[PDB]
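Chain order of the listed sequences is A and B. Going by PDB author numbering, the first residue of the first sequence is number 47, and it counts up by one from there. Going by PDB author numbering, the first residue of the second sequence is number 719, and it counts up by one from there. Only one structure is covered here, and it is reproduced in the block below.
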Amino acid sequence: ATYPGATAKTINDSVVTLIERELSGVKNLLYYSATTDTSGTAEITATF
Amino acid sequence: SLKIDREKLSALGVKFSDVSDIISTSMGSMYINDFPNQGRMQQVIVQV
C-alpha cells in the first residue's frame with residue numbers, strides 16, 4: 047500500500063493498523079509482519 | 719412509516735432534499751472519520 051507523502055508513523059496508524067486488525071484467521075496463516083518506510087510505502091508479508 | 723405531503727412542500731416552498739436530509743440524519747447515527755485516542759485511531763460518530 048502507498049500513502050503518497052505521509053509520516054511513516056501516520057501510515058502505520060492509518061493504513062496498517064486496519065489491515066492488522068482485520069488480516070487474521072485466514073487459512074493457515076503462520077505469521078504476518080509489516081513494515082512502513084520513509085517514502086510512504088507499507089508492505090505486509092503474511093507467511094502461511 | 720411516513721407520508722411526506724409533497725403538495726404542502728411545494729405549497730410551503732420547502733425543498734424535498736431538505737426533508738429527506740432531516741429525517742435520515744435525525745435517525746441515522748452516521749460515522750464521520752477517525753481521531754487519535756491514546757495512540758489508536760478511533761471513530762467519531764455523530765447522532766441525534
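All C-beta atoms in this analysis are idealised placements derived from N, C-alpha and C, irrespective of residue type, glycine included.
To the nearest angstrom, how far is it from the Cα of residue i to the Cα of residue j?
i, j, result
"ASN751 (chain B)", "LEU75 (chain A)", "31 Å"
"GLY731 (chain B)", "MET748 (chain B)", "28 Å"
"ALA92 (chain A)", "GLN765 (chain B)", "38 Å"
"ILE722 (chain B)", "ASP739 (chain B)", "13 Å"
Within 10 angstroms of its Cβ, does residue i collect 16 or more other Cβ (buried), or is it exposed?
i, result
"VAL62 (chain A)", "buried"
"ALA729 (chain B)", "exposed"
"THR82 (chain A)", "buried"
Taking only beta-carbon positions, decide if residue i is within less than 8 Å of chain B.
i, result
"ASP59 (chain A)", "yes"
Would you verify that the beta carbon of residue i is, or is not, closer than 8 Å to some beta carbon of chain C?
i, result
"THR63 (chain A)", "No chain C appears in this structure, whose protein chains are A and B."
Could you tell me which residues DSSP pairs with residue i in its beta bridges?
i, result
"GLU89 (chain A)", "A:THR81"
"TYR749 (chain B)", "B:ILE763"
Could you please tell me which residues of the segment 737-762 of chain B, in chain order, have their CB closer than 9 Å to any CB of chain A? Contact annotation: in the segment 737-762 of chain B, residues whose CB is within less than 9 Å of a CB in chain A are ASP752, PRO754, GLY757, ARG758 and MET759.
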